[PDB]
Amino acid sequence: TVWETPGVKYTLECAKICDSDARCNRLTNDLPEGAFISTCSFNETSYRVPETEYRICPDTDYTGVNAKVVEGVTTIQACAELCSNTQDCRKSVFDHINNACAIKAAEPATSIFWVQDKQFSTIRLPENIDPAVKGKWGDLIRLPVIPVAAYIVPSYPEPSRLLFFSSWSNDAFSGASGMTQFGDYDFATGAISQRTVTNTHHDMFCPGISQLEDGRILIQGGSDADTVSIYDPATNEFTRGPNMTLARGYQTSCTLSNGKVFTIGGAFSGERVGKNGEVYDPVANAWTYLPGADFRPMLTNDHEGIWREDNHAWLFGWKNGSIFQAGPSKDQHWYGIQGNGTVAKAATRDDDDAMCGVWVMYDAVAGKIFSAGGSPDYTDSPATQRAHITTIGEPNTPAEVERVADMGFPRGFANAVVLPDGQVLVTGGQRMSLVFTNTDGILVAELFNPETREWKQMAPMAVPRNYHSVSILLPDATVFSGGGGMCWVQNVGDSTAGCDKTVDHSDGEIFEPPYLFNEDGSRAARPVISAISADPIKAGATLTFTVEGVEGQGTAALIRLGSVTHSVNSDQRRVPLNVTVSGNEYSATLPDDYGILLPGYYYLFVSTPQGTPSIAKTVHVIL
């Protein structure tokens, strides 16, 4: 049995005694001591000091740089007073065992985390966040598996499920194991399961991911460096693909105009040497090595050497089977699969590498690519505020790079999604790239508007999303930010007791952007796609669907479904549409070119002229 507090929980006379002493564990609350939080797990109190009002949350700490620590304070009340009497104090911590009052330092210059700890109590002056300007975050969704890699499951009438996976363990990784821990999350229902995927003899940690024409996910290399699994949404099963011609890890793959998948680099797993290109043909079910797809031009310069330098290429499938490589190498390049592969310089993005910077094609029709953040070395490297729009016209002809306004924060290991209005939301990352750390995690998301060419700071998330964190678009036009952490351990099935569990975030949180709210902070009225054919459509063809619940003519956009890991999302892409409406009936002529309309499963978003999007309808583009 479990004796709940007047919301704590032990597992009945010593219990009341134990819940007096802030040092007493041997306690069995929902989340354990150490757990990060979005909301007081316990019953909050209010408290005024002869002025103008603090909310207190017991058994919770605020971690981070303090403005002050004062040792002579025996009551939460006296701690409330030092905060009341200290300029720019939004957040203080009362230490129960030592009678000290910590004043937290100013946000967001400082990163402050809400952890669960019975030794402390948190005090704060309530924030007034207008979700019409800064969006709104929900509470931490706990998950059986750290979501180190994630992808939407293509489904009709719209997707409902987010698969994610880690390694052999739910919170740890080794080398070759032949098994992968997967999490299943229905976000239509909140249902959540995990499975163990051994049937393909594949530890899929550190892989290339690309969605095929038929919406199967192609999971390539990683801890088992030469091994390929294919996920069929149709079966919800995995299949063994043909081994790659060259074993790789931390590489990028991208689906091409013709539905072949190109990949290059991936020196993390297999031979510690740079990796030339290869291409998967799903019809022939065959990989073909591409020696002329030379790695050396796309090489970064890293203090750790070649191990790092060909990792996480900014690849895009483009016109007539071309590949654009936007980075993170200071120079951009065009890669092809013709003959034995090709490579040529396209432009210079910057004067330094941006390993694990963010990058998204926010307007395929206009050949437009947005890139921000990254660090010049993989780890132990200060991140950059620099950001660029890169415009690509014809393949194997120079590309145009315009530097734009610096981000508000330097971000290493951040993630990015394009939204239906074509704005790009950057989430997570840290001031200095340090693998397996919460250190200087930026909590404040930022929205970049390519039309304004201007940044805007969004509301803060709860948890630092650094290395092994992820971000992805959901059908409802919200963003899931999740994971971070994992522990290297020598052999498979070794104990994870020595691991720093504070860096692990086996969970996620969802952001509603500004566009989901009216000015009064109520949820704005989403257009509804009443009817759409589940029929696959081909490029150049005309999409017809029925929209109800809009004042004026809707705009529309297609956003290709997303796969994501290691600041790499090579499947997402925004294809803005021109619509013509006759009454409730909307009609769109899709582009002529599969280099813009990459084949696969898309989200159709109709959105109001004030910019409020529909829940999406699944749309399948075929060859």
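Just count from 1 along the sequence shown to find any residue number.
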*In this entry, is the chain continuous from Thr52 to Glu53, or are deposited residues missing in between (none, 1 to 3, 4 to 9, 10 or more)?*
1 to 3
*Relative to the deposited sequence, how many residues with no modelled coordinates occur between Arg26 and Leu27 (none, 1 to 3, 4 to 9, 10 or more)?*
10 or more
*Identify the stretch, either 486-494 or 89-97, whose C-alpha atoms have the larger mean B-factor according to the entry.*
486-494
*Determine, for stretches 207-215 and 119-127, which one has the higher mean CA B-factor as deposited.*
119-127
*Would you mind checking which of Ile559, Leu31, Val65, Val70 has the top Cα temperature factor in the PDB entry?*
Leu31
*Which of these, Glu446, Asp232, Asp310, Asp440, has its C-alpha atom at the highest B-factor, as the entry lists it?*
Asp232
*Chain-wide C-alpha B factor ranking for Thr11, given as lowest, middle or highest third*: lowest
*Give the position of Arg431 by CA B-factor within its chain, expressed as the lowest, middle or highest third.*
lowest
*asked:* Can you tell me whether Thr555 has a C-alpha B-factor in the lowest, middle or highest third compared with the other modelled residues of the same chain?
replied: middle
_Lowest, middle or highest third: which one holds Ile37 when the chain's residues are ordered by CA B-factor from the entry?_
middle
*Quick one: classify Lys538 as lowest, middle or highest third of the chain based on its Cα B-factor.*
highest
